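Protein sequences, first through last, are from chains A and B. Numbering-wise, the first sequence is residues 876 to 924 according to PDB author numbering. Numbering-wise, the second sequence is residues 830 to 877 according to PDB author numbering. Every residue, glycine too, gets a C-beta built ideally from N, C-alpha and C. Following: one structure in structure tokens, then a few remarks.
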Amino acid sequence: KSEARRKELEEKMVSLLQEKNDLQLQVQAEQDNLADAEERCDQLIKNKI
Amino acid sequence: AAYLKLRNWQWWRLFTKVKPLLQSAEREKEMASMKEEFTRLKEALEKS
Numbered sequence: 876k877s878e879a880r881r882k883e884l885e886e887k888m889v890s891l892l893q894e895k896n897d898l899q900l901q902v903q904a905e906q907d908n909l910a911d912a913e914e915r916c917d918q919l920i921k922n923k924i
Numbered sequence: 830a831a832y833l834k835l836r837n838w839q840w841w842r843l844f845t846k847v848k849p850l851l852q853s854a855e856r857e858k859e860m861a862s863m864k865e866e867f868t869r870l871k872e873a874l875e876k877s
């Protein structure tokens with residue numbers, strides 16, 4: 876019974892690696908979107924003035 | 830050449846119905862090699 880868990884833990888980690896990149900890809904994007912919004916807000920604050 | 834006399838056989842089934850009910854089995858083949866089996870089984874579980 877001790878083999879079968881082991882061999883599997885290994886592979887599922889590669890699947891968590893697939894998600895891992897994509898999460899940083901979304902991190903990259905959400906930090907873009909934020910900055911998009913900050914620059915637009917920075918503009919509207921200064922234009923308010 | 831003997832099929833006519835094949836299903837027709839002497840030492841067929843009389844070992845095995847009262848053969849769940851018994852202990853002492855292969856066992857002498859076991860005893861020596863069971864001691865060898867006991868230690869090995871421990872070692873292999875350990876590193877897993």
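CB-CB length for residue i against residue j, believed under 8 Å
| i | j | result |
| --- | --- | --- |
| residue 868 of chain A | B:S853 | The structure shown has nothing for residue 868 of chain A, since chain A only spans 876 to 924. |
Span separating the alpha-carbon of residue i from that of residue j
| i | j | result |
| --- | --- | --- |
| A:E894 | B:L870 | 40 Å |
| B:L835 | B:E855 | 30 Å |
| A:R880 | A:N896 | 25 Å |
| A:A910 | A:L892 | 27 Å |
| A:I920 | A:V902 | 26 Å |
| B:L850 | B:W840 | 21 Å |
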